[PDB]
Amino acid sequence: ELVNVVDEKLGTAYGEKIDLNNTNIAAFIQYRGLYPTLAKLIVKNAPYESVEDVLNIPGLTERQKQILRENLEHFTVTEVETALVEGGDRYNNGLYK
Amino acid sequence: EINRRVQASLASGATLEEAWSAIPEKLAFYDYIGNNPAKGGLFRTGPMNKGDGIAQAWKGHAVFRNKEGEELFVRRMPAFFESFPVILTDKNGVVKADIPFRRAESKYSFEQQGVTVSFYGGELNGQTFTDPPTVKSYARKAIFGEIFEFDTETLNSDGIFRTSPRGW
Amino acid sequence: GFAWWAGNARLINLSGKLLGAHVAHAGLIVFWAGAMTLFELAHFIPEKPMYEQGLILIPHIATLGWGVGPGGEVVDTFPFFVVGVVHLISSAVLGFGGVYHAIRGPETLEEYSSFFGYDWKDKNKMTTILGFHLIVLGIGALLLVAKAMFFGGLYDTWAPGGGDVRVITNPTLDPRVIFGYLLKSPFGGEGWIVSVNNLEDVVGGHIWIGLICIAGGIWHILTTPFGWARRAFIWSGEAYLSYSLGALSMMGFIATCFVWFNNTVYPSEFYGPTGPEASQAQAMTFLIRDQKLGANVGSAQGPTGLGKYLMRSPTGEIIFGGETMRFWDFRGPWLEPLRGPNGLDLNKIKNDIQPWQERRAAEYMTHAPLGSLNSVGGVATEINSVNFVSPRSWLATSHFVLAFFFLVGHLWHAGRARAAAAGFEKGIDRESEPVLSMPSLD
Amino acid sequence: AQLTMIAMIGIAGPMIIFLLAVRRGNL
Amino acid sequence: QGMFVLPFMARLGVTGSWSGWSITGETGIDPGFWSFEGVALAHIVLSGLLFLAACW
Amino acid sequence: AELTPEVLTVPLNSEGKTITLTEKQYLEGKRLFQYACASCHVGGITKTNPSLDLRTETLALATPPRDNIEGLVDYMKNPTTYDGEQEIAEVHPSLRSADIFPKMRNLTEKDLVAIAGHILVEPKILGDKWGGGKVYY
Amino acid sequence: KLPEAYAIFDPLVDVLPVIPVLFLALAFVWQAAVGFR
Amino acid sequence: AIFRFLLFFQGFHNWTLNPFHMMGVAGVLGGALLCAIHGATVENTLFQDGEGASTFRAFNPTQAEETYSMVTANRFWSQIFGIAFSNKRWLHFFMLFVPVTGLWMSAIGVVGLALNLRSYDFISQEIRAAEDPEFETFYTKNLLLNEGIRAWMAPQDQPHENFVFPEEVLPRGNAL
Amino acid sequence: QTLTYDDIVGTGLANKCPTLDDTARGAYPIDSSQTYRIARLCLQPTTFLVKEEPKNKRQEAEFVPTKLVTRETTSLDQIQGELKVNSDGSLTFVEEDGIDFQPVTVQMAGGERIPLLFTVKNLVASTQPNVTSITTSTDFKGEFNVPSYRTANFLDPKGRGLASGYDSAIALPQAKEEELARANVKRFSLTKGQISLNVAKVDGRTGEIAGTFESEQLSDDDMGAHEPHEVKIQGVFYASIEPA
Ligand code: CLA
Ligand code: CLA
Ligand code: CLA
Ligand code: CLA
Ligand code: CLA
Ligand code: HEC
Ligand SMILES: CC1=C(/C=C/C(C)=C/C=C/C(C)=C/C=C/C=C(C)/C=C/C=C(C)/C=C/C2=C(C)CCCC2(C)C)C(C)(C)CCC1
Ligand SMILES: CC1=C(/C=C/C(C)=C/C=C/C(C)=C/C=C/C=C(C)/C=C/C=C(C)/C=C/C2=C(C)CCCC2(C)C)C(C)(C)CCC1
Ligand SMILES: CC1=C(/C=C/C(C)=C/C=C/C(C)=C/C=C/C=C(C)/C=C/C=C(C)/C=C/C2=C(C)CCCC2(C)C)C(C)(C)CCC1
Ligand SMILES: CCCCCCCCCCCCCCCCCC(=O)O
């Protein structure tokens with residue numbers, strides 16, 4: 001009943017894809033074309049109810065849209081986890097090298 | 001010696017449950033770091049029982065496997081280390097699971113690798129556990145070797161290893 | 001009666017030979033000043049900041065307005081050469097007079113000339129020599145004023161547009177300002193005289209000091225010590241030596257803190273960023289990076305509950321977060337444009353940070369005054385690669401050591417002067433041992 | 001090299017003691 | 001609570017502690033020096049001075 | 001082990017042409033990397049932005065791909081963000097910004113090739129240490 | 001770098017700063033020559 | 001290599017917490033104190049036995065007389081520190097006693113560490129801290145440092161063990 | 001005229017919100033066709049009250065006074081956000097951004113330290129219907145969010161945390177873990193607070209307002225270790241309104 005919610009989250013798609021609702025921004029460097037510019041927009045417009053919502057972000061050029069399309073399969077969404085999104089932790093989660 | 005015996009039981013057509021149930025509890029209790037005389041402390045006084053407790057029963061041999069069904073091996077604690085992380089290896093020494101410290105960039109969590117623990121012999125023979133926090137609890141004990149049930153109440157044991165009369 | 005290893009004490013009452021030692025040694029100082037400048041010049045590479053190159057003398061010359069232009073860029077190396085050559089040449093003249101007075105000249109002076117000769121116990125003569133030197137010193141501080149006001153100015157890191165040489169036309173004379181510094185606390189946010197942050201106050205302070213030294217000098221030529229001073233002091237060569245060692249020690253400790261905290265008369269453009277500066281620049285750097293990614297740096301709570309980027313000081317000012325909370329008294333030209341009345345201004349941070357400020361922060365963060373004795377740069381766990389130790393670390397550590405030993409020398413020579421003047425510096429007379437004529441304690 | 005000049009300069013001082021001690025001087 | 005001297009201090013008017021409680025239950029009270037703590041301290045200091053007087 | 005030509009062979013461009021550096025070019029690259037880059041990029045990390053490093057695999061995923069001599073030479077002339085969307089010559093050293101980064105003033109075209117070559121060789125020598133940071137010291 | 005017309009002297013200037021140290025050393029040669037009198 | 005041995009003993013044995021090391025520290029630092037203070041005292045209670053400013057000449061190893069005043073030395077220290085030596089023999093025996101005993105004590109504690117019989121923990125502290133996450137002392141802070149030492153140095157310092165610690169298992173505070 | 005940094009630094013004034021003249025009893029008219037923002041919202045606490053524990057049934061404890069121990073570090077300031085007009089003439093301020101939290105610790109009688117995250121994060125505060133002018137009788141009432149005082153990287157003194165740290169009491173290797181569950185498993189709380197802001201002064205020219213606030217929220221629960229206290233904060237506020 002006392003459960004660590006961060007460990008619990010590693011048991012979901014969050015532990016194997018980029019979660020558009022929870023994952024820190026530096027993960028968007030793992031795929032081409034996404035960081036910094038689209039990573040910025042994805043994090044600012046979270047939360048998303050499904051992965052394809054990201055295509056309906058106002059302002060996306062058609063190149064940007066195309067990049068997202070190519071990468072939809074590295075994305076997931078789970079419920080927002082307060083512990084991962086408070087403290088500005090999606091922009092800086094205290095991990096560097 | 002324990003592994004030697006279990007193999008010998010298996011070669012002769014015994015099951016996993018039967019090979020490990022044949023392991024005398026007394027031999028298994030030697031294969032436990034809390035009986036290592038080099039785990040004590042100078043001012044941790046009294047009997048070994050005052051620390052990990054009065055041993056009651058072998059719980060059984062814990063076998064870890066990941067989601068692909070591969071057998072994983074808890075790296076055992078060496079006597080020098082007061083504390084030691086929980087790292088699970090394959091038969092060749094490749095890390096396949098651990099308990100992470102920093103969670104954010106973890107690759108090998110039990111949760112991600114689907115680590116289960118199954119017991120053969122002892123008290124928990126034939127039982128399997130899959131909820132990650134229980135699986136982690138046993139892996140934390142597995143670094144000490146074989147896993148025992150302890151009475152901590154009778155002597156009000158504080159949980160910290162003491163040395164044996166050999167040490168003293 | 002002195003051994004070879006105390007052999008210069010043999011000079012105490014040989015005023016001629018002692019003049020030669022002082023002047024020969026004066027020549028070594030000037031020689032080093034000259035030789036070292038030319039060495040730094042022969043090594044100087046203008047594409048590289050001074051502080052990536054091990055320079056301690058060229059930064060002093062540039063600070064005075066020679067050789068540099070806007071931003072501290074070096075435009076002309078000839079002024080450095082001249083300063084080196086002239087010091088080098090001048091040391092031969094002091095060398096010459098030095099060894100002439102130490103080897104060939106009269107070994108005592110008082111028979112040859114009653115003006116140049118002196119007795120240490122002669123209080124009138126001693127204050128007269130003191131007076132002359134007080135006037136010289138006052139002249140020297142006025143030369144700094146002259147440079148700033150009539151011969152090209154000084155480098156001003158605070159000048160608008162990146163720093164520049166500026167002529168100082170309104171030096172501060174208001175003594176509430178000038179002597180206000182003497183009465184500020186030496187503790188944090190105050191900084192006694194180390195906090196002087198503008199050249200108007202620097203130059204005005206030197207007008208005052210020059211006039212005070214010239215007035216003091218004339219005062220000491222015309223007077224002899226009053227009876228209360230006569231009875232307070234030991235009047236001997238070694239006693240005067242001990243007084244000055246103490247004064248050098250005090251000054252060495254102040255110079256240590258100056259080059260470590262002050263970025264006005266030790267501009268960071270030449271000397272590198274200070275410790276507080278570098279550390280402030282790290283927080284600035286990552287504030288910028290993170291805000292560019294979309295972070296709201298004002299509302300971001302860090303692990304402790306305090307702001308990740310921004311917090312309050314104990315008196316309320318908005319300051320950088322993390323361990324640099326401790327350096328919030330820092331002030332520098334790259335940072336001040338962001339300060340409003342309540343401290344750092346969140347609307348300037350969001351809207352008005354300039355590329356040159358981002359560059360400067362990155363530069364100062366990566367040139368923090370941290371490094372190993374063999375000049376590997378950065379924290380103590382860093383791998384080899386960068387050959388950097390800040391000039392401020394070199395100038396701070398060296399002068400701490402010298403100030404410490406001169407304080408030991410003060411105690412050495414002071415205690416000995418007291419003992420020699422009372423007549424028991426060589427030991428206790430067996431036949432008149434003072435404690436044997438005192439009553440027992442119990 | 002530079003090892004030529006510091007050799008030349010390094011020998012000046014001791015050569016002064018040498019000249020003065022063989023010409024029995026005021027050392 | 002087994003308190004033996006506390007009530008003799010309370011009896012004659014010492015009622016509060018420098019930590020801000022009072023034995024009547026009022027919080028946020030300033031007792032000044034003559035708190036339970038300050039009475040205890042006065043007696044320690046007094047003991048030490050009388051110790052010195054006894055040596056003399 | 002030694003600095004064999006195999007290790008001094010790195011990609012010239014995105015078309016999988018290769019180029020084999022000399023031991024000389026490589027030591028010159030290393031020297032020039034310490035002169036102009038290592039204050040920020042020591043060991044292949046980036047002190048002022050640790051999320052971007054000089055690991056070959058990171059450079060390979062930059063837009064304009066930078067895991068080759070051409071990409072890196074261009075980068076040192078006209079640096080962009082990792083997605084190629086903006087020019088960052090004004091906050092990153094480059095020949096384009098050598099007015100404000102004066103160490104870049106005296107760099108020739110051959111120097112840029114050596115620096116690029118050093119960056120691409122080093123992870124073949126050092127492996128995980130290159131760009132891995134203090135965990136690997 | 002020094003001015004062009006003095007470039008010849010570069011290796012001399014690399015050694016000049018050390019010369020004051022030699023004066024200290026020279027006092028010990030002198031004292032050796034008189035037997036630490 | 002000996003520096004590494006120092007740090008090994010901190011991280012693994014918490015040897016600074018060991019009172020046998022502490023008695024050794026007191027004996028070594030007590031020895032150096034006694035060495036300095038005894039030399040300084042003799043040199044500053046010398047009898048004037050020659051006329052030179054160098055007081056070393058005025059000693060002769062076969063003279064009967066003491067070369068410094070024990071009486072004046074005793075008065076000085078009595079008035080400065082409260083107590084002084086009064087017996088030259090006790091003085092010099094105590095200079096033998098103090099550092100010799102300290103070294104013997106530190107040897108004993110190392111014999112304990114041969115067995116991993118460490119003074120590593122205080123049980124009462126651990127019980128409180130385990131239950132009370134707001135409880136913090138310099139004692140808990142130092143064990144976090146020890147735990148860092150062990151995990152960051154063991155793989156390269158004990159290579160025969162083939163320790164492989166993935167990045168995610170290394171203990172690390174924020175940012176660093 | 002107004003003050004510079006060097007006039008303010010070290011005084012305490014940097015923690016104090018702007019005040020209005022006691023002559024500012026005007027009215028700020030609101031035009032529904034127009035949109036408004038709050039350019040600066042400043043909250044300066046003066047009083048920290050904590051609710052005691054009566055230990056008994058029908059007593060319901062009282063709010064008691066506390067001493068501040070963390071100095072002039074308490075004010076929320078530079079807050080900005082939408083100021084909307086609703087169909088029914090109510091105004092709703094929506095907080096967008098600002099220095100909108102401070103950690104504070106106060107000390108109760110007896111020595112107990114009570115840390116709290118004093119905040120208005122995500123504040124949405126509304127007025128009565130039909131406003132049309134903001135006056136010296138307008139009230140905003142709202143609610144806001146109180147995240148955990150520590151965030152997820154925070155490690156306790158034995159190295160345990162939520163998103164980092166150990167998951168057990170490693171100094172007690174063979175203790176029974178059931179007793180330690182609450183200290184070993186960190187939890188990240190997220191509760192609501194309430195606030196009233198009472199406008200008492202209005203500068204009809206400039207659009208500045210000022211007055212009094214009272215907020216109720218929970219204190220720190222040390223990532224689940226212990227139960228929070230209830231806290232009531234009183235203070236003064238200032239805000240400038242702009243046609244957005
Ligand atoms: C060779 C001696 C020896 C040995 C090896 C043992 C061994 C043991 N005894 Mg036994 N015992 C002994 C002698 C011995 N005993 C004697 C002589 C007595 C009578 C006092 C007892 C009475 C006794 C009892 C009553 C009990 C034991 C128990 C035990 C067990 C636990 C011991 C423990 O906690 O140590 C703790 C040891 C220490 C904390 C070390 C002490 C370190 C000293 C104080 C340092 C002194 C330093 C010194 C002052 C410095 C001065 C030097 C310089 C400055 C001049 C263990 C198997 C216990 C048990 O489990 O029994 C069932 C138990 O309850 N023993
Ligand atoms: C303005 C500074 C000054 C002046 C003029 C003097 C002058 C004097 N001192 Mg004082 N002294 C000073 C500062 C000064 N001292 C300081 C700062 C200290 C503390 C360290 C002392 C401590 C001191 C002691 C302990 C004694 C004197 C004594 C004396 C007298 C004889 C000194 C002598 O012959 O040295 C001769 C020179 C030497 C023996 C050479 C010493 C070499 C030093 C220790 C090493 C320097 C090495 C350097 C760091 C780097 C080397 C690099 C390598 C290549 C060689 C003379 C009156 C003596 C006395 O009381 O006279 C009455 C005496 O006993 N001095
Ligand atoms: C800055 C360093 C310094 C200076 C300037 C002096 C200066 C002096 N010392 Mg001291 N001394 C020093 C360091 C220094 N000393 C140190 C470090 C020690 C410890 C080893 C001593 C130990 C010492 C003793 C034991 C004695 C002195 C004495 C003297 C004086 C007479 C020496 C003499 O007759 O030379 C005789 C030496 C020579 C004739 C040999 C040649 C020396 C010359 C000057 C070398 C210079 C070469 C130079 C490159 C030439 C450039 C010239 C050009 C500009 C034209 C002289 C004033 C003596 C004294 O007080 O007399 C009462 C004395 O007895 N000194
Ligand atoms: C402060 C250092 C100092 C002091 C106190 C003395 C003192 C003395 N010297 Mg010495 N001397 C010195 C430095 C010093 N000298 C130097 C540096 C040199 C080499 C240039 C000499 C070379 C020298 C010789 C060769 C002789 C003396 C002699 C004398 C005596 C009489 C000089 C006379 O009649 O005045 C003469 C007065 C003038 C010429 C007035 C002009 C004023 C001066 C030269 C210009 C101002 C200089 C300026 C203030 C500073 C330099 C500028 C620079 C910063 C750019 C006297 C005891 C004589 C002696 O002892 O015989 C027994 C003797 O024969 N001196
Ligand atoms: C190199 C500088 C120097 C030196 C060594 C002397 C030396 C001397 N002076 Mg002169 N003086 C100087 C510069 C100097 N003076 C200048 C520039 C002036 C002009 C303003 C004067 C004006 C002057 C007067 C008017 C008098 C002297 C007197 C004296 C004698 C007694 C000094 C004394 O006991 O002070 C020791 C100081 C005190 C006993 C009390 C003051 C202590 C200070 C203020 C405490 C500060 C300590 C603090 C930690 C330092 C930080 C800075 C501080 C401001 C906060 C002595 C021979 C006296 C004498 O006999 O003249 C004939 C005398 O009456 N001096
Ligand atoms: C700090 C002052 C730096 C110096 C000096 C140099 N570099 Fe750099 N570099 C720096 C940053 C902050 C960044 C990230 C830029 C961004 O996208 O925000 C970079 C990036 C690079 C890269 C790209 C890395 C990638 O993974 O794509 C390269 C290839 C690079 N820098 C090279 C480089 C060289 C060769 C330098 C010496 C001349 C050099 N940098 C200096 C910071 C700094
Ligand atoms: C007494 C004595 C002593 C001391 C001494 C001294 C200290 C001296 C000094 C001296 C000196 C101090 C010297 C100097 C010299 C100098 C010189 C002689 C110079 C020269 C110069 C030149 C020639 C130049 C050149 C150039 C030019 C012009 C340009 C640039 C380049 C060049 C550099 C090349 C002793 C201890 C030993 C011993 C005892 C006695
Ligand atoms: C330049 C400048 C300035 C100014 C400065 C000044 C103006 C200063 C002054 C200063 C001074 C004014 C100083 C002081 C000094 C003093 C002292 C230092 C003293 C000492 C004392 C003593 C030492 C004593 C002793 C004694 C006693 C106590 C008793 C008896 C005995 C005897 C006498 C011994 C400024 C900052 C603005 C800026 C920058 C520049
Ligand atoms: C600037 C110039 C110049 C000048 C020069 C000079 C000035 C020089 C000097 C010189 C000198 C000044 C030198 C000296 C030297 C010294 C030495 C070389 C020493 C050595 C010593 C030793 C080695 C020691 C040993 C010992 C002894 C003796 C005893 C004890 C022990 C012992 C072992 C320590 C010229 C002309 C070039 C010209 C150009 C420029
Ligand atoms: C600090 C705020 C309260 C002010 C304290 C009042 C002043 C001190 C009053 C102490 C009164 C006790 C004295 C009783 C008489 C003792 C007579 C005696 O010494 O024999």
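Values reported hereafter were calculated over all heavy atoms of this structure, with side chains retained and with hydrogens, waters and symmetry mates removed. Just so it is clear: chains get the letters A, B, ... in the order the sequence lines come, proteins before strands, and each one is counted from 1.
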Check each atom of [X] against the heavy atoms of chain F and say whether the ones under 4.5 Å are side chain, backbone, both or neither.
{"X": "C/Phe388", "answer": "neither"}
{"X": "C/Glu363", "answer": "neither"}
{"X": "C/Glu52", "answer": "side chain"}
{"X": "C/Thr285", "answer": "side chain"}

- Task: Mark yes or no: F/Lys129 above the aromatic ring of F/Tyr137, with NZ or CZ under 6.0 Å from the six-membered ring centre and no more than 45 degrees from the axis.
- Result: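 Here F/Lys129 fails the 6.0 Å and 45° test against F/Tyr137.
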- Item | Among the listed options F/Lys103, F/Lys47, F/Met104, F/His92, the residue most often paired with chain C at heavy-atom distances under 4.5 Å |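 Of the options given, most contacts go to F/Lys103.
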- Sidechain-backbone polar pair: F/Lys124 side chain, F/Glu6 backbone, donor-acceptor under 3.5 Å: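 Looks like yes, one N/O pair under 3.5 Å.
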- Query: Hey, is NZ on F/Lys17 packed in by over 12 heavy atoms from elsewhere, all under 6.0 Å?
  - Reply: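 No - once you tally the heavy atoms of other residues, nucleotides and ligands closer than 6.0 Å, there are 12 at most.
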Student check: side-chain heavy atoms of [X] and [Y] closer than 4.5 Å:
{"X": "F/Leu3", "Y": "F/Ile125", "value": "yes"}
{"X": "C/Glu277", "Y": "C/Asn263", "value": "yes"}
{"X": "C/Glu317", "Y": "C/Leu344", "value": "no"}

- Gap separating the OG atom of F/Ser97 from the CD atom of F/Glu87, nearest 0.5 angstrom: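 With rounding to 0.5 Å, OG (F/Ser97) is 10.5 Å from CD (F/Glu87).
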Please classify the contact between [X] and chain C as side chain, backbone, both or neither, with a heavy-atom cut-off of under 4.5 Å.
{"X": "F/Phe33", "answer": "neither"}
{"X": "F/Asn49", "answer": "both"}
{"X": "F/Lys134", "answer": "neither"}
{"X": "F/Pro50", "answer": "both"}

